[PDB]
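Enquirer: Return a 3D structure for these sequence lines:
(chains A, B, C, D, E, F and G)
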Amino acid sequence: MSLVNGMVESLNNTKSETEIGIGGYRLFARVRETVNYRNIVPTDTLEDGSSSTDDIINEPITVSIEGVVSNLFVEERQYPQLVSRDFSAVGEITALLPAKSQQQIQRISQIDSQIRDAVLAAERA
Amino acid sequence: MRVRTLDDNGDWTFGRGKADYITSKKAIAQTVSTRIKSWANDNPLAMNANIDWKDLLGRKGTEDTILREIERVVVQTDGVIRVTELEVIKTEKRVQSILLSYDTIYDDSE
Amino acid sequence: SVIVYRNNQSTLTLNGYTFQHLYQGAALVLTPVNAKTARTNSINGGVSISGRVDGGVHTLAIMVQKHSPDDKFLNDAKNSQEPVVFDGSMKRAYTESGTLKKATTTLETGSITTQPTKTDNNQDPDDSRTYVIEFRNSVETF
Amino acid sequence: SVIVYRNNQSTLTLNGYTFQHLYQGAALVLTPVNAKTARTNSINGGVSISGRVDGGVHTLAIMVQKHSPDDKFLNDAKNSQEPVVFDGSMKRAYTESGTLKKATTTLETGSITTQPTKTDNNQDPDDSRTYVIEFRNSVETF
Amino acid sequence: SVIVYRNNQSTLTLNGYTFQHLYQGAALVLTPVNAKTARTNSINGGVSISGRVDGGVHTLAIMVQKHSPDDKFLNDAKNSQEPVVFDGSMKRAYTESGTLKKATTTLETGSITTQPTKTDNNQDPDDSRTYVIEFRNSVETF
Amino acid sequence: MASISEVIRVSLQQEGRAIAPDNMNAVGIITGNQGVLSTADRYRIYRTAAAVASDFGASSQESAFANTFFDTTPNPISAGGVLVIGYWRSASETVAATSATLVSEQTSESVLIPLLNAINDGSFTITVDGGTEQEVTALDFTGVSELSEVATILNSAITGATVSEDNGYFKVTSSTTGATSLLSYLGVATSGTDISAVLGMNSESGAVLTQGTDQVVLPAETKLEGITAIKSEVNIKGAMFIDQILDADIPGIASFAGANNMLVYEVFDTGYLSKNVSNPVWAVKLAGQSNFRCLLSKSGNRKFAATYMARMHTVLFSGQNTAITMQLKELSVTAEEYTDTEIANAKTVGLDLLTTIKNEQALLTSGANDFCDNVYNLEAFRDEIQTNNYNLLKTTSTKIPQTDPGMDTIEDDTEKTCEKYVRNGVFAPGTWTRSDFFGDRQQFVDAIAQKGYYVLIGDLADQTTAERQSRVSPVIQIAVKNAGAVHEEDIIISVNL
Amino acid sequence: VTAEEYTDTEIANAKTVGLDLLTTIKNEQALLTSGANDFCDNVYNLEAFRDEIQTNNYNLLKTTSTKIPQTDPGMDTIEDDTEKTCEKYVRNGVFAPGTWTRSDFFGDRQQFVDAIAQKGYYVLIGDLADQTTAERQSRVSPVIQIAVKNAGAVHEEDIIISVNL
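Expert: Residues are numbered from 1 along each chain as shown, chains lettered A, B, ... in the order given. Sharing the structure here:
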């Protein structure tokens, strides 16, 4: 659509220095590395001669990476991959929730300890 | 996940219902600890219960497969994430002792 | 170092039959046919080092006398109905700094690959036979 | 060993016609054209040894005198309307350790492949003809 | 300039083991295997200059004595179950215009690629082993 | 009941991996409370909060500091490190009278038992309290399966003393305390096959025989310079004191920090945000004591140091660019609230701050004194070149001859270390800005600008024959340039009105 | 054979004395073998190795029409045959390469330990000129010294869980 959107969201993916690999597995070597930007431009000569533009449908970019993995890979110059923070409680907003008695609170504590064991895996995911 | 606690020697516990149950992060500990100990073709209700011991400690040259199968059992456990395990002694008489370390789903709340 | 050999060409044994008749010149030539470790270069800059599975396969080229029993042995092996497997060793006795020492090169799982090029010359005869065996694994030690 | 030949170039017989006229030099060159046993290397490490079906096919290169009856015979074979099959033997008489002995190399199912390169030189004539026959199976024994 | 060396062949160190036994001749040959900067020519006329990522990868060819401890070290590296990584340096001491000076060529992340071609000759022995290591990055400075 | 257990056992890890403070991240906390670390037990090594508690109790402030230590998420034990608790004699330690001990040789239990089981008869000569020589002539060691059993046998044999086994050691303690010499190292008896030599108790054997100290002994009350006793026992590389170092003693320890190639972290309260000479922290900054890191805590919360220590010594110096700065990194203590004037003063004096932005920690570190990054990293570099040169002089069977190829060996090893620490993120190539060098200035500056480090070793013929037969290598001069890290950002918008 | 039922104390004593047990776990045989005396594996395998080097040397002295001359090439023949047998018994799973732990050897300790560490076996034959003329006309080959290292098999597993409480 807009020509302005191009540069705007072309830079929307900025490569960090840490160089995530296939998702964090950088312990191989990239023999070749390609991306395929494609487009569907409808073929026949467009209808009006004044405004009948906006006819370049975009496409899903594909990225092809062929490399080799050996028993012993020595990586040249790349910064460590550090564990991302658990910024879940950034807006966590308690203290408006009701006043409830002890072992009414602690019953909730046991329920929380009881289903955190079943949700926290997908939460981390 | 709850699970009945076992005492030091590992026998079962009855009585104190809802209190002999391990809560978490230790329930994972107990469950991995005795998932390792479940010989494969033992249980008629789960004949691939866990790794096959009568066919891995009775054959030469399985240390790599012992380790891979222990990693398989541990990783496929409700509550663990990673492992970090290797062999620490070298069959001090002929028994090798391996060191197994795993990160439960807990202690990742930052 | 100071290295003094004895029995100029190394003693070659195959199938419990030790070559007592080698041509003058390049009697034994143990050429490794493939590179040991293949490596690959990444875009970012790292390198992936990896041992070739062909890392050990060697070709021992043997120059035997044109009709001496060593030629008869190798020729009988060549003319067998099924390929014969050789499993031997090249042993060389030598002294280093005056101490007697032996260097052993075991050759494992070989067969005759390139047959000898038989020439009978008048002006200058070349009474040699070069049998090239290709052992699966050759390990030198000393 | 101690090997003393006689009749420097081996006696070649084809189709019951024995070559009494060979050029000086590389009169007979029996080159095996294909490797004897081809082998393959597995991922795990084993090797698959297998005899080539081409294991025996040899090319006997013959240097005959430019017009001697041996050249007439080979040239008549070359000029035949249909390819002529040669089936002969290279016999060499020699003595080993003083004992008389004969080495026999039978050549089976051959035909002229690479025709002779006819050159008539002034400064230095090369009065040779090199006929290369390709026998299906050549077996040496002694 | 006026350049006077000492210790004719440069001192090579790998894995904290300095080669005290080099063959006569081309003892060390540091060949860069790939071109430094690849360039491309445009239709209009400009040229696109771009450094090869392989710009530094070198092959150091080492001629060690046939059985001297340097050969034992390199052979042990060759015979290791997993490829061993070499990380060393070629240091050469020399004088320029009478001033003492040292030239340092650091070799980084190498492994044995092309194994030595073992020959034991009678008429003229060649008691050398040529191990070719392929370092990922070699930087000379002085 | 043949259990499954005798084909596989699965238990819980028991000993704290029993490692030793080898790497750089062997950090210490110095107490002054003579609860469990008395003199001659000057230090204890830990890798978990719970063990420190069990030896120290969650109530004692030392366990509290351990708790605020291990609570830092990238704490030292995550990068090959240990915590160690020291002990400086705060006030009048009373060492209780001991009894004489006799610690035997380290016996593997795989060799002692097979040698013992053949020894039918016993034979000891021991002496307790210098009494009559005691000879033991019957010890049917045949029926023994573990060192505990031979321990029991010796306990029954040696009258007047008790015998225990402990981690393959044989300890033998007399009952009486004070001037209670165990004169014997288990000497040879008149008859019976000798057990003494094989045990390791033997006098020629390496058996410690600490005599019973005199009755109760009073060590005096030392000074904080008693840290030296810890440093001369543990190879601590970063230390703190639970009790705050007095002003009058700061320079000393500060000098100490430099002279022992270590770091010492010490916190000060608000009253020290000046730059007068009397202010001890600025005295450190003027004196150049870059290894005496000063930290700031408005409340006086000492633990801020430990976590800070627990945050610094946390870099595995083997991966790429693992060298970390300090600013804006999560700690294990609640930040404090500071004004802008005081935070600027802290920046310009040398202190460090864990200050709130919004309920969110912001560590701001100074550059007045050299950045903790730089001091810690330079210490790691000196330690690592020392370790690599030591490992080179240790590895080789020969003697590393005093020939130019030998110096090329040593220089190449030093260059390998330097290359590691450039790949390690500490030193990076750049234009050498200082106005001094070693050899050819062109050679020197070019090497710094292209490799980041330079290593020149003087030739042999440039040292006195007094320094040639002293078997000392020539002077090895190496120069490095710190990597150019960033801490703030003064983005300037180019105005076009 | 049907296993028997043993207590834990007696099974431990059997382990630490040298006996072997076919003990029930659950209706299912469990053979537990001792290492007090050398493992039946090791003794049986070493017997097989002595028998096989004896057989191969015998077959070498039998095969050849000639007499296997008392020359250094002859000793290289015999040593190569012994090395072939050793290589077979390393491919056979009995001996595997490792760091030779004992404190005795035959020739160059560096040579010996390197050969054990890389091939698993070492075969050194003393030269002819190192035997008395009484042992030269006795038509006896020099002393052939071969050294091997047993493969490192496993019998139990003491898996230690790394506690994080």
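
Enquirer: Chain C: strands as residue ranges?
Expert: C:3-5, C:11-14, C:17-18, C:28-32, C:37-41, C:47-51, C:58-65, C:86-96, C:99-110, C:112-114, C:118-121, C:128-135, C:137-141 (DSSP state E).

Enquirer: right, is the third one up against chain G?
Expert: Yes. On the criterion Cβ under 8 Å from any Cβ of the partner chain, strand C:17-18 is in touch with chain G at residue C:18. All C-beta atoms are positioned from the backbone trio N, CA, C, and that covers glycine.

Enquirer: Check which helices and strands that strand is in contact with.
Expert: With contacts defined as 3 or more Cβ pairs under 8 Å, 6 or more residues apart in numbering or on different chains; DSSP states H and E, strand C:17-18 has these neighbours: helix G:72-91.

Enquirer: Pull the residues that contact the helix it packs on.
Expert: C:6-7, C:11, C:13, C:16, C:18, C:20, C:87-89, C:91, C:93, C:104, C:106, C:108, G:48-49, G:52-53, G:56-57, G:60, G:68, G:95-97, G:119-121, G:123-125, G:127-128, G:141-142, G:144, G:146, G:148 (Cβ atoms under 8 Å, 6 or more residues apart in numbering or on different chains).

Enquirer: Just the buried residues of those.
Expert: Among the contacts of helix G:72-91, those classed as buried by 16 or more other Cβ atoms under 10 Å in any protein chain shown are C:11, C:13, C:16, C:18, C:20, C:87-89, C:91, C:93, C:104, C:106, C:108, G:49, G:52-53, G:56-57, G:60, G:68, G:95-97, G:119-121, G:123-125, G:141-142, G:144, G:146, G:148.

Enquirer: Mean neighbour count, the strands of chain C: which tops it?
Expert: Mean neighbour count (mean count of other Cβ atoms under 10 Å in any protein chain shown) peaks for strand C:11-14 among those, with a mean of 26.

Enquirer: List the contacts of the residue lying closest to residue B:110 once chain neighbours are set aside.
Expert: Ranked by Cβ to Cβ, 6 or more residues apart in numbering or on different chains and with sequence neighbours excluded, the top spatial neighbour of residue B:110 is residue A:86, at 3.9 Å. Residue A:86 sits next to B:108, B:109, B:110 when contact means Cβ under 8 Å, 6+ apart.

Enquirer: Wait, a strand at the second one?
Expert: No. Residue state for residue B:109 (DSSP: H, G, I helix; E, B strand; the rest coil) corresponds to coil; a strand is not indicated.

Enquirer: From residue F:329, how far off is the nearest residue to it once chain neighbours are set aside?
Expert: Excluding the flanking residues, the one nearest residue B:109 by Cβ to Cβ, 6+ apart is residue A:86, at 6.3 Å. As judged by Cβ to Cβ, to the nearest Å, residue A:86 and residue F:329 stand 16 Å apart.

Enquirer: go on, residue B:27?
Expert: 34 Å.

Enquirer: and what of residue F:496?
Expert: 38 Å.

Enquirer: do the same with residue F:481
Expert: In terms of Cβ to Cβ, residue F:481 sits 24 Å off from residue F:329.

Enquirer: re the thing from before, just the ones of the contacts of helix G:72-91 in helices?
Expert: G:48, G:49, G:52, G:53, G:56, G:57, G:60, G:119 (DSSP state H).

Enquirer: dump the residue contacts of the closest residue to the first one other than its chain neighbours.
Expert: With Cβ to Cβ, 6+ apart as the measure, residue G:94 is the residue that lies nearest to residue G:48, at 7.2 Å, once sequence neighbours are left out. The contact partners of residue G:94, by Cβ under 8 Å, 6+ apart, come to G:45, G:48, G:49, G:148, G:150, G:151.

Enquirer: Would you convert those into CSV that also reports distance to residue C:54?
Expert: Formatted as CSV, the contacts of residue G:94 follow (distance: Cβ to Cβ, whole Å):
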residue, distance to residue C:54
G:45, 33
G:48, 33
G:49, 32
G:148, 29
G:150, 31
G:151, 27
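
Enquirer: so where do the strands sit in chain A?
Expert: A:29-36, A:62-68, A:72-74.

Enquirer: out of the ones you listed, which comes closest to chain D?
Expert: Ranking the strands of chain A by proximity to chain D (Cβ to the nearest Cβ) places strand A:62-68 first, at 15.2 Å.

Enquirer: outside of the closest one, which residues touch it?
Expert: A:22, A:28-36, A:38, C:40, C:42, C:48, C:50.

Enquirer: contacts with chain E among those, please.
Expert: C:42, C:50.

Enquirer: Please produce a ChimeraX select command covering the buried subset of the contacts of strand A:62-68.
Expert: Selecting only the buried entries of the contacts of strand A:62-68 in ChimeraX, with 16+ other Cβ under 10 Å as the criterion:
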select /A:28,29,30 /C:40,42,48,50
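
Enquirer: Determine which two of the contacts of strand A:62-68 are furthest apart.
Expert: A:38 and C:50 (34.9 Å; Cβ to Cβ).

Enquirer: and chain A, which of its residues are near chain E?
Expert: Counting by Cβ under 8 Å from any Cβ, chain A sits next to chain E at A:71, A:72, A:74, A:76.

Enquirer: Would you mind checking the residues you listed for buried ones?
Expert: A:72, A:74, A:76.

Enquirer: Quick check: the second one touching residue C:46?
Expert: The reference is to residue A:74. Yes. Counting by Cβ atoms under 8 Å, residue A:74 does reach residue C:46; the two are 5.9 Å apart.

Enquirer: so what's the residue nearest to residue C:23 when sequence neighbours are not counted up against?
Expert: Counting by Cβ to Cβ, 6+ apart, residue C:23 lies nearest to residue C:63, which is 3.7 Å off, once chain neighbours are set aside. Counting by Cβ under 8 Å, 6+ apart, residue C:63 touches C:22, C:23, C:25, C:26, C:27, C:28, C:128, C:129, C:130.
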